[PDB]
Amino acid sequence: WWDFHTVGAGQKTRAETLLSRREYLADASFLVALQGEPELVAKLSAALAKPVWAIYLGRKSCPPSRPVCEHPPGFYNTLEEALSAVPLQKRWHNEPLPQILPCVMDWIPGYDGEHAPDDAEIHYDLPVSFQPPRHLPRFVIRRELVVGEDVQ
Amino acid sequence: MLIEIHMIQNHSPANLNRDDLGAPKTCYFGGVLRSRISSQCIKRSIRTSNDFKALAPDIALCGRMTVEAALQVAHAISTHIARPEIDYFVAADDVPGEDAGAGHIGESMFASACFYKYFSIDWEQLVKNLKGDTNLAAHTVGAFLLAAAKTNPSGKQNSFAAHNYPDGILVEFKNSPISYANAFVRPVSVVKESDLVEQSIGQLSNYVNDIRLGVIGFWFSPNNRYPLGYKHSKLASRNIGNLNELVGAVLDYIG
Amino acid sequence: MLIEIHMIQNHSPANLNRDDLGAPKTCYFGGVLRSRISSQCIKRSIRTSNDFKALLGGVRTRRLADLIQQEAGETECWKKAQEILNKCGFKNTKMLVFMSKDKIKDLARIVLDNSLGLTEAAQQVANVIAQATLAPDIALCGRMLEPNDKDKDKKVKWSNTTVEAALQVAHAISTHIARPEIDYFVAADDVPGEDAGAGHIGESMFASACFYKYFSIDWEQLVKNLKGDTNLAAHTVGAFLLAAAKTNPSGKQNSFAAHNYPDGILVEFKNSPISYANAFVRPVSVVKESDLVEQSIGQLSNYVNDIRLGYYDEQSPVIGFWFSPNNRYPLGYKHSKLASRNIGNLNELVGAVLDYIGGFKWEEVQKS
Amino acid sequence: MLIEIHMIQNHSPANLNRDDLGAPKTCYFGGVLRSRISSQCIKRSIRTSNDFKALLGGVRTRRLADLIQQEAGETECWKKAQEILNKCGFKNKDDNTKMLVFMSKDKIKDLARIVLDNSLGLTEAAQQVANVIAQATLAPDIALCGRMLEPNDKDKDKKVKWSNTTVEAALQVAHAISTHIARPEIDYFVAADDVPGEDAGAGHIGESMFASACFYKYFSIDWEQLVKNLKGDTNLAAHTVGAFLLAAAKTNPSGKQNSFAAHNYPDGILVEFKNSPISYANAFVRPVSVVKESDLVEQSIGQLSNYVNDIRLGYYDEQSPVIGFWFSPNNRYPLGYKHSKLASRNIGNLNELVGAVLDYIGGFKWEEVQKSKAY
DNA sequence: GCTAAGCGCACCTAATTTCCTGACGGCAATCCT
RNA sequence: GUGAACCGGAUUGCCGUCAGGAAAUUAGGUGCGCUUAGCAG
């Protein structure tokens, strides 16, 4: 969904109105799982439960409609098991369920070497500094989870 | 601590926010097209208000080139399906001529909706840039509350005099920022025995009661016109019928 | 200081506003269909009202050349007028131009009829166009116009032309559910024939509804648009009140002579604008006792009472006047005996309003 | 100056107006269902009435060629007249024009003379026909009702220019709404076969719809515009006003009157002179409920009197008083007893009321305006 | 302080599809060349 | 405070103004609420 945003900036003076168009995802829900050493995860959850600053969903005008810490941390061996363990809650009795479930997972380097194939997509979302602004590329691979095939 | 303000405002047929083509700003939610007023529109409506004009002024409340303004506002999500309409208009020539009709003969776009407005202002950072002026911070919080209650976007207002005030404002002090937009995932359908505002407030009350049952919040309605739960149980902390005492209660709870 | 006028008016079966298809204008308010009378329709009806004959001093026309040529018994200067208008920034008999009438007549006569150059004549006529805002009609409705920068000569410079409107008019929405109706008509043939049928067959559309009308006059802006002539602003406010009270949209009035007067006018003075449209989010359903107008007035009084007991400031209390013809329909009919200045005369209401704005008498404007 | 005629009249069970399905016309006034008589129907009834026979002259026909042939006599030229009209901007379907033309009947002779000559060509004849048609607005009914005429530009001669064809309407008529909850009744009829035969049944079984209601009718006549439309003929305007009053009082719509002889005269007529049009339809937002101690017509007249008093005391209290005349047959139903001063005069005769209106308008006797006849 | 029962009918026949109008007016922005 | 901090598509406008669903009609035919009684030592 697209939003037309106009900026008057500062209003010696002249008619300078910035032109902008923002893209928004309407009626979408995402689940983000981060894997790390247990103490850091516990501290991250504790600080999330007590947010010292106004958190949003990418832009200040996008507040969270559901609690970020609604799902509590737990011990799960693999990301697929964690994703399949949580049940899906239907909004009402008869609604079109998503037969295709896109997913994003970190590409495991394993041992030394094992270069990513040409079919692995690139993503520039790792910030280290903003002067000059540079984001290190990352590799993202896509997987499938389907309900009704592993649970009777 | 966090101050979260939820408003249920029903607007007369108007064109408050516009895109390039003149259509009212729209959004999608719950499988239903929904009307929308942008957050920046509401923020600018808050600014340039004569109610407040009559540290560094104009800097602490809004930054200017950091400042990291503590007030956040969500997009005004309507509780129901958007219903855009065509306003066929002509501009007369009011002189005797060889032809008739003179204006652009356009098709103005307008819609009327009951919007759910979400304002979340954090007290800690607003104190942080106020150099610890707790009294001044409370004063500016109250001024912003009054403005948001009694101000409207300055859209196409000369032809659409939409100056309706909210029928319900709910202030909570919860730790995490939770928006009640999901209360209206099911679009509100008006029934013969109820109205749109009452049904929207009832849906908000149902969402507030749910999840938690399986913090406290101040509920304000003008003269208790729309009660958020007609029971004597512990459901709402205080039912406030006047705006000024609501601001006073918020102020002495914060300080 | 804002002069807010809320009127409850019930109309006979009529079509006072329709779209291209001929059906009466409708809108959705509160999730239900409501009959609608457009804001610009009421603005024009007040504009061309018999009560605005003494204040109609602005003209909105595209054939300004015809207007200029009309003020010349034998001095045939029309091609030159069109050429100077085209070089001013209009392109064809042009786009709509809003400004005063006597001003343009006299100034065009003394400028473009004189044997002199062209580009500076365009500059002078542009300055006259921009500076002709001494009209109460422009002061109320406001205007803006920016000529295209392609056809306009670079030697012509435009001063500030945006006139901020001092009047805000809302769309008249019905207080109840809308019931569109179809009036099926024929067109009789006077000469008998071998078929005995009508000359034309069609379907007319009409609706009868109780409308809630909202007006808002900014006193400070009306005075600013008229400069120091504050008496003119008071006269404009009074004439606007009279016209809104006594003039109706000129729709299909020959076929639907719906000339009903409002049954209640609430004139309120506050520094912030309030729309009582939310009083009728729930459509008014008529019952055995009382009537549609009585129920609408009751709902409006309930909403006004909740607003007063809600958003209230002791520093600047809001005063208001209620009008009903001969006190036919009271506001607080059952318990709300709060308004101590109920009026049963429109002229008395105008006098009270004028007295509250300042030391203005309705006869005091008879001095120029 | 505006002439306002407010009429309260009760009708016998009848179907004066109906839609395509045959049901009586209805409207939703004040949130409740009412009985409606369309303004067009009342206008046609007044126009095609004995009291308005003298002030006719406007003909609204798609068969102008037939009139031209009838006026021209036995000289054929019907096809050539039709082709002249076709080039003028009135396309025909089979034999009549596709659109109605409103015109004075006195100019049919001019049209016939213009068609009949052989010296004139075709573009010239079409232009002359258009000029004659556009200038034929002298008929009083055209002055009262108005006219719009938009010729087919596509199917028109290039060298034919039309002058102004619209005349302002000097008469405003509102739809006749009922003063109470209008309940409709269904009449079950049967058609009987005179021949016995062997079926022993009926020729036809059907459903008829009728309703009885007390109607409030509102008329508005613009005196200055009526005078202007007749080009300063003040005597003709006075005659038009008087005959319009007499017709509106004395004729009814001719809809299903052979089976529903609803020939009821008005029970009260209020004539008011003012500069702005005021409709008393809001007197009946409350539907009139008949009580045992009164009558439906009496209750309607009382409600109308209360609303008229309220309007007079709350809207028309200025240096210019409003003069109004109230008519009831032999003063059968007066206005409200609580005031007894609302009307300037209480006339008990229709002719006397017409004379009073004519005298107040500019000073006019009925005899000297009826005396303008051609013979 | 309070008696009950039996009994309640069928329907043939439900009219007439192009009588339906035309015309005039519909951006002004170019928001780092 | 990470494509994110600063962030209004702002104004002008009556479709206006042409109009009879009308000429056809009997729901016409059948009929017992009817058998029982002290408001009185």
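Values below: every heavy atom of this structure, side chains too, minus hydrogens, waters and symmetry copies. Proteins get letters first, then strands, A, B, ... in listed order; numbering begins at 1 in each.
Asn86(D) and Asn92(D) are linked by a side-chain donor-acceptor pair at a separation below 3.5 angstrom, with hydrogens and angles left out of the test. A donor-acceptor contact closer than 3.5 angstrom links the side chains of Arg143(C) and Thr161(C). No hydrogens or angles considered: nothing links the side chains of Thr61(D) and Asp189(C) as a donor-acceptor pair under 3.5 Å.
Base pairing analysis places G38(F) opposite nothing; no Watson-Crick or G-U wobble pair with both distances below 3.5 Å involves it. With a 3.5 Å ceiling on both atom-pair distances, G16(F) lacks any Watson-Crick or G-U wobble partner. Under the Watson-Crick and G-U wobble criteria, each requiring two contacts below 3.5 Å, nucleotide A23(F) is left unpaired. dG26(E): no Watson-Crick or G-U partner with both key distances under 3.5 Å is found in any strand. The partner of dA14(E) cannot be assigned: no Watson-Crick or G-U wobble pair with both contacts below 3.5 Å exists in any strand. Look at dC7(E): its Watson-Crick or wobble partner, with both distances under 3.5 angstrom, is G33(F). The partner of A10(F) cannot be assigned: no Watson-Crick or G-U wobble pair with both contacts below 3.5 Å exists in any strand.
When the pucker is read from the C1'-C2'-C3'-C4' torsion, the sugar belonging to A4(F) turns out north, on the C3'-endo side. Here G8(F) counts as north. Its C1'-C2'-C3'-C4' torsion is positive. The torsion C1'-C2'-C3'-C4' is the criterion here, and for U11(F) it is positive, giving a north pucker.
Evaluation of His204(D) against the base of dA14(E) yields no stacking contact (centre distance < 5.5 Å, interplanar angle < 30° required). Stacking of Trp53(A) onto the six-membered ring of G1(F) is present: less than 5.5 angstrom between centres, less than 30° between planes.
Using a distance-only test at 3.5 Å, with no hydrogens or angles considered, a donor-acceptor pair links the side chain of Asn15(D) to the main chain of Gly22(D).
For the pair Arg59(A) and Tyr24(A), the distance from NZ or CZ to the six-membered ring centre is under 6.0 Å and the angle to the ring normal is within 45 degrees.
Distance noted for atom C1' between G13(F) and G8(F): 23 Å (whole Å).
No N or O donor and acceptor, one from the side chain of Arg18(B) and one from the base of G9(F), sit under 3.5 Å apart. Judged by distance alone, with hydrogens and angles left aside, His135(A) brings a side-chain donor or acceptor within reach of the base of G3(F), the pair sitting under 3.5 Å. Looking at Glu150(D), its side chain has no donor and acceptor atom pair within 3.5 Å of the base of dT21(E). Between the side chain of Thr6(A) and the base of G8(F), at least one donor-acceptor pair of N or O atoms lies under 3.5 Å.
The distance between atom CD of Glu16(A) and atom P of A10(F), rounded to the nearest whole Å, is 19 Å.
Judged on ring centres (limit 5.5 Å) and ring planes (limit 30°), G33(F) and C34(F) form a stacked step.
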